[PDB]
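>>> This one's experimental. Sequence and coordinates below.
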Amino acid sequence: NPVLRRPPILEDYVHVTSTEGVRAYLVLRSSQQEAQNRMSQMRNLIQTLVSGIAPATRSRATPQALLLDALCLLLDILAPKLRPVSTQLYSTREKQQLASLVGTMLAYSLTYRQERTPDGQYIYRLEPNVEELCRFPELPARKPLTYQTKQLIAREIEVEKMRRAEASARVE
Amino acid sequence: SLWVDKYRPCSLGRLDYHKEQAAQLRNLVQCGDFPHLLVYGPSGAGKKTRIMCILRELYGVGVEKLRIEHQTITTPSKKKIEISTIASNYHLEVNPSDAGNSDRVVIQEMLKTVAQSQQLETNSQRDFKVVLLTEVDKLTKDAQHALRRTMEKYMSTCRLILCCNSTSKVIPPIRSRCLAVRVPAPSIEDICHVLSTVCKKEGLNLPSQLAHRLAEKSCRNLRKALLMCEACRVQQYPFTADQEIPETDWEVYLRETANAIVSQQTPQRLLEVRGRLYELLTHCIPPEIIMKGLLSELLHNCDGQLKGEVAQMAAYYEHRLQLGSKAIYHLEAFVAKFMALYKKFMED
Amino acid sequence: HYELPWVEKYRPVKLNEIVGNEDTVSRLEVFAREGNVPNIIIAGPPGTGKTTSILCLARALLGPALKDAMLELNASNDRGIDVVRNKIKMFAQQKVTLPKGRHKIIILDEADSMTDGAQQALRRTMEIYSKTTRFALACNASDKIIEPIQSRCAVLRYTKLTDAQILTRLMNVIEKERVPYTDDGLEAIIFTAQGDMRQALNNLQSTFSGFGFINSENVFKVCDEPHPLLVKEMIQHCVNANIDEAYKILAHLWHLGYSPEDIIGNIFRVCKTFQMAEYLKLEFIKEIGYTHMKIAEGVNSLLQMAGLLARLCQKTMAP
Amino acid sequence: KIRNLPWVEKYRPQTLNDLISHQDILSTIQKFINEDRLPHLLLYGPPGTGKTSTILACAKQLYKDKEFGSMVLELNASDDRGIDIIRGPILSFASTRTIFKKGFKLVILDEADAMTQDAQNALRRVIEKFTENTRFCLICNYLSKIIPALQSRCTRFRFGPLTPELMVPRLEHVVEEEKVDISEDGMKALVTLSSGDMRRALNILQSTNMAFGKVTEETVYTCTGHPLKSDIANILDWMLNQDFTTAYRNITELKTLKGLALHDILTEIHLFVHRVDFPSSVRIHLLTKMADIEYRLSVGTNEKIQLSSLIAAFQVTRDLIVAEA
Amino acid sequence: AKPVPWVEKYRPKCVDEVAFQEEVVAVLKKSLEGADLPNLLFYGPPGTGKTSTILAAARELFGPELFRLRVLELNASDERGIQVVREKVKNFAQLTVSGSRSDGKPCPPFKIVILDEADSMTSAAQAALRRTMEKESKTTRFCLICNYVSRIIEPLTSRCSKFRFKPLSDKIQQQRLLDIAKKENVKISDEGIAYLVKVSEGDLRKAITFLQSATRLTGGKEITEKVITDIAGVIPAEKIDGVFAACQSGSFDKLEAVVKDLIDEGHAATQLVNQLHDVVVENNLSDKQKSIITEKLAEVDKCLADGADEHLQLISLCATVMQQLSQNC
Ligand SMILES: Nc1ncnc2c1ncn2[C@@H]1O[C@H](COP(=O)(O)OP(=O)(O)OP(O)(O)=S)[C@@H](O)[C@H]1O
Ligand SMILES: Nc1ncnc2c1ncn2[C@@H]1O[C@H](COP(=O)(O)OP(=O)(O)OP(O)(O)=S)[C@@H](O)[C@H]1O
Ligand SMILES: Nc1ncnc2c1ncn2[C@@H]1O[C@H](COP(=O)(O)OP(=O)(O)OP(O)(O)=S)[C@@H](O)[C@H]1O
Ligand SMILES: Nc1ncnc2c1ncn2[C@@H]1O[C@H](COP(=O)(O)OP(=O)(O)O)[C@@H](O)[C@H]1O
Ligand SMILES: [Mg+2]
Ligand SMILES: [Mg+2]
Ligand SMILES: [Mg+2]
């Protein structure tokens, strides 16, 4: 036993007592590659997404903060219920909501555009594809905006960009 | 501008919560001899909001006109690295963690270019310059050991407001020289008051039970609570007490992973949740947040004698994930250890 | 006249005397016997025999025309932006009479030190004058040679030398030099060789010059290795979970002034070839790598080596 | 004549018989000297064991005083040793003969483990091409800092540490030529904890005679440092004897009155731990915990928590040691 | 007449103003008289005056006109490599002592190297300084200052002679901050300043910087106990008692509530580890439980030093101390 109850006579010893107060003595003497490609492509998509953000809103949150909180619920903001009626027959509240939605699209620099399909029809989609960054394959589907609504949003974005150009012309 | 950008406070007095700390930081920066600040707390507490209020009190109304600067730095391996910084005429915010392992160079070269460069104007601009080194908890230790000598050789020229979430990842050599400013997260009543003030600023009417559910389902994160409140506003404008709040697809995926471990504990379900976790990882959510959400949804199902061991395992696997390089293997190890523990718990 | 060292004395002259990677050696011997060699870049660890193979191939292809059909450059030359334009290109345009199947040979040894602009300028000179001249380059790290230079040549990769290929040439040198030898000295000198022929030959020269007889203590005294018999005993004590005897070996090695990096490299090399259970070997290698990360990050002392020994003893009692 | 010099320079082994420990390497290099076949050498080992003394003794023996400047090219780390020096004075030294007397020359590169890698890869052709004209003595501290080609090009000599069984008469000669009274206990103190080499024992004696004038164990430990085994026995007696609060307050009293490091309290406690006959499982646990505390202290931790962890590692084992009986 | 950083104004200008360090004050005054100055080893606790005493000794020896030509103070605020101590210290040690004091004061015939904060040096960095110290000892002098003596290797501690630095009692340091705030025309009660010098744990410079930044925080008004806990990030003791009550309860729901509270209170996890350790060593827990809690605090501090998440490490530490506190319940 390395621990001695009796103290050593000739050899040096170091004492040891426990909490009870009892004395003792010692002796001193292909899924991974494709997933990595997908993650790299999505990181490049995130960098191109945050590169287009205006500097006034870029400092307010990190890319992690914008990705976790302000993308999917932002995607819920950007797709409200919109009736297929022209802008001349819209109400004042609908015009204000349209102006606010176009302003929030301009703040994040998101613009709809036309894309081609092999089936023979045209589709509308955002220039940064943020729908891959939010929706999951197992999630239940949601009704997207119609062709007329997305085309109206795109043309209102274009005329609002020209409105901002002429605003910068008249203030300067 | 969403509901997390159109409704942010301007000055320190305009905060809806932590008003006595706002008064303390107002008196701190009024004299002009303020030390290096280290702001910390949880995510969504109001840290960056209070840093912008501090910069709004320090300088004029010219701190909000931010610009983006792209700087190409040279590594010791002679490989050029682009870093994106936010700049102004009054301060400078750098996120060196985007440079990864080269962040020390951003400490050793970029910081000097803001510290050995004197201010061009001494009347409108004050005697010092503020450097917001954002997410310094994710910085390398060599960068922080190169940070102490830059912040103390040029005390009279540059100030550092280091923003982080964990000061424990910041070395105590930094924390000794700098003032620790703590930003607590708002309480449930504070989040309900913020949501009610936002809705009354938008002409809305928000039932108290729905505001309480929005506050409870955001884990005391005000940004996520405001964004899901706007999601509830868009989804159904007549606000009901039992309104389905749009839970995020990341959280729904973690819920389905938890219910998949509950329903069947087999290696093909392990491969399926590996696919779900890969889908989350390719969506670039950081794996610490994925581990936090997995544990938060996971312990709601486990028994009272099972919560602590799963929490300790989660902490160990998060530590090993931060120590290593690849996160999928450590997340798979966490899910495999949890399903082995559940199998042992349900089989006896 | 002075005696050359055995590294340069026993350099092979023919391709049949070159050992290691015998498929590439046979291909080069076929190209030397027949002719019409393509552009060749040889990459691998140093001491493999890239320069020797290039020299033997060039000698066997040329013969008497080595002073006119061969242009040899090394890292001691410039090989800058002017040498490629005004020395390589004029030799590519130089009319040299040669037999059929034989081309002019431009040896560019150690192409890692050559600049990127020189490699960009070399491309058109290699492509246009490939009917008359050929290019044979030797490099250690193949990433420094750019992609267009890599694509224009048949790139050969040489592996590390095994023990039998080293031992055959060592027995050849021993029989040519009449060196009295044993088996333990040979296995110790190929343990200290670690796949390097030149280091093995220099260690053999050191053993023959210092003592003249080949046993394990002689080579471990003149090559001053950390003596992997004691490291083997230390790993065996960590298998038996005896921290006292393993620490006595560690204190004996530490009293002699050995660095932590060298003793942990020797402990990794001994643990690689150890004889135990496979998963126990995996856990030991993982723990040794975990401690080697601590050593390579900067902190090293007797305390962390004692912790390595104690964790190796703990892994035995963790089933 | 008396000279105002340090005793590590005042008593220097000018000749090959004055060096003590490495008898076999000295005999081999004397055999190389006598028949003139001196090869390229690389000398390494623990610092302060007589490598620079050996190469300077060989240089002053093979080359005389009137011709030492034309034979020995000595460059150290204070001198710039870039590739311009490799292509300049070293290359022109190796490629030329001697003006005065015919013979081969010597190049010494002191502290050349911090050499630039381009210089190391450029010196290989200088060594091999001019091996008849000159030989190269590369002296370093670690073998890993040089390329394996330079390791193979020069014969390797590891100057080992001076053993306690042989380094006593050098101390006796120095203390006889200095006329200082010395005891056997002071001899044991100079032979045990003086880094295992005769590069500091002379400096220990010189600083002890500078500070006090008499060399005993009491006046050295109050002048050197490296706190006494009574103090370490007390700082471990608090951990293994008293309760956690009193032990923690007394050890932090010692560290906030004396000024002891926790890192070298760990080092000396670690050395003490193998002296103390702990049980094997208990010592395995203590070694794992102590190496964990050292690795924690190698990064940005709080030192007070690590001191409490060092106490707690023993507190765990207090009951175990007592109940083992 | 600008407000100076108030750790700089009350520094001792001479060696006579240094308190409680009687042996080294006598040795330094004998060196001022003209005696032989040995190589110094200043070792002791932080805040007791290792810096200002030798700086006032240099001010008395050389004055303002010869401070920049003879005195070299090295600290961790600049890069200290192997080549740095090979080149700069050895070249400055080989410089010639020239220039005399114009006010009639005698000048010592050597330079001074004040090596302050000498724990950041490695073994080879201190191994390089040895021949610099001894061969240039006629031209320069060395004063190795550390708060930790044995981190200097046995050679370089043997090349110099020690002088132990005595700590400060609580009553002597109370008065220092007392007068500082009195002169600054600022107000602080007795309980606040007593808890301040208790929290600082003997580091008088840390206490003075706490006083200055708390004066900045209050802006001229009363510095209360809550701002004293705020200025060091000190968690209130009832919140730590909140942890020790939620862990005595044995319920993981309240434990997660208080851990999410502390995370949502934004408290530093390292400071939480420090305060929990101080509370656990000032209490009456058994040795097995206290050892397990402190070892887990060290492991948690390692994981948080390597970058683990604050919430997960906090809930793991609080879960195992809940297990320890409810083990005997
Ligand atoms: N495979 C081999 N067979 C026989 N001798 C060899 C072999 N490899 C090397 N040698 C000997 O070692 C000497 C040096 O080999 P080298 O060809 O110079 O090494 P290397 O493979 O060219 O690597 P580097 O980059 O040139 S150092 C040769 O001159 C031979 O004496
Ligand atoms: N064998 C020895 N016998 C007697 N004195 C010795 C011996 N070896 C070293 N010394 C003493 O040590 C002093 C310095 O030795 P050096 O050879 O300069 O140290 P070193 O081996 O060069 O190590 P570094 O790397 O230069 S610190 C000499 O001046 C001698 O006084
Ligand atoms: N002995 C003393 N006499 C008078 N004032 C003192 C004394 N010690 C400390 N002080 C005062 O307290 C302050 C702290 O002293 P410092 O010299 O900064 O502490 P320190 O010695 O540097 O701590 P370390 O060990 O270097 S971290 C000084 O600036 C003085 O104002
Ligand atoms: N005092 C406050 N009043 C109103 N809204 C606030 C307040 N503090 C924070 N918020 C909101 O909460 C969110 C917190 O995000 P942020 O300020 O970036 O903190 P963090 O940096 O911790 O994420 C912001 O979007 C902000 O709009
Ligand atoms: Mg070659
Ligand atoms: Mg030397
Ligand atoms: Mg100090």
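Happy to help now that I have it. Numbering: from 1, shown residues only, chains lettered A, B, ... in the order given. Ligands and ions are numbered 1, 2, ... in the order given.
>>> all helices of chain A, in order?
Under the criterion DSSP state H, chain A contains helices at A:31-51, A:55-58, A:63-68, A:72-77, A:92-108, A:147-171.
>>> Point out the most buried one among those helices.
For the helices of chain A, average neighbour numbers computed from mean count of other Cβ atoms under 10 Å in any protein chain shown are highest in helix A:72-77, which has a mean of 22. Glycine gets a C-beta too; all of them are placed from N, C-alpha and C.
>>> for chain D, what spans make up the strands?
Applying DSSP state E to chain D gives strands spanning D:41-44, D:72-75, D:105-109, D:134-139, D:155-158.
>>> What pairs with the last one, parallel or antiparallel?
Right, strand D:155-158. strand D:41-44 (parallel) (DSSP bridges).
>>> The partner strand: how far from the chain's middle?
Centroid displacement of strand D:41-44 relative to its chain, using Cα atoms, centre = their mean, to the nearest Å, is 15 Å.
>>> close to ligand 2, is that strand?
No: Strand D:41-44 stays clear of ligand 2 (Cβ under 6 Å from any ligand atom), getting no nearer than 8.1 Å.
>>> And stretch E:77-95, by the same measure?
No: residues of stretch E:77-95 contacting ligand 2 under Cβ under 6 Å from any ligand atom: none, with a closest distance of 12.1 Å.
>>> Could you give the backbone dihedrals for residue C:212?
When read as degrees, to the nearest 10, the backbone of residue C:212 gives phi 90, psi -10.
>>> what number of residues lie near it?
10 (other Cβ atoms under 10 Å in any protein chain shown).
>>> ok, it touching residue C:180?
Yes: with contacts defined as Cβ atoms under 8 Å, residue C:212 counts as touching residue C:180 at a distance of 7.4 Å.
>>> Out of the helices of chain A, the one nearest residue C:99 is which?
With Cβ to Cβ, the closest approach to residue C:99 among the helices of chain A belongs to helix A:31-51: 49.9 Å.
>>> other SSEs contacting that closest one?
The helices and strands touching helix A:31-51, judged by 3 or more Cβ pairs under 8 Å, 6 or more residues apart in numbering or on different chains; DSSP states H and E, are helix A:63-68, helix B:267-282.
>>> Spatially, what comes nearest to the residue in the stretch 151-300 of chain D positioned nearest to chain B if we skip its sequence neighbours?
Relative to chain B, the nearest point of the stretch 151-300 of chain D is residue D:300 (3.1 Å; Cβ to the nearest Cβ). With sequence-adjacent residues excluded and distances taken as Cβ to Cβ, 6 or more residues apart in numbering or on different chains, residue D:300 is closest to residue B:171, at 3.1 Å.
>>> need the contact list for the one you found.
B:141, B:144, B:145, B:148, D:299, D:300 (Cβ atoms under 8 Å, 6 or more residues apart in numbering or on different chains).
>>> would TSV of those residues with distance to residue C:205 and neighbour count be doable?
What follows is the contacts of residue B:171, written out as TSV (distance: Cβ to Cβ, whole Å; neighbours: other Cβ atoms under 10 Å in any protein chain shown):
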residue	distance to residue C:205	neighbour count
B:141	46	17
B:144	50	22
B:145	46	17
B:148	52	18
D:299	46	14
D:300	50	22
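>>> picking that back up, deepest-packed of the helices and strands packed on helix A:31-51, please.
Highest mean neighbour count of these: helix A:63-68, a mean of 20 (counted as mean count of other Cβ under 10 Å).
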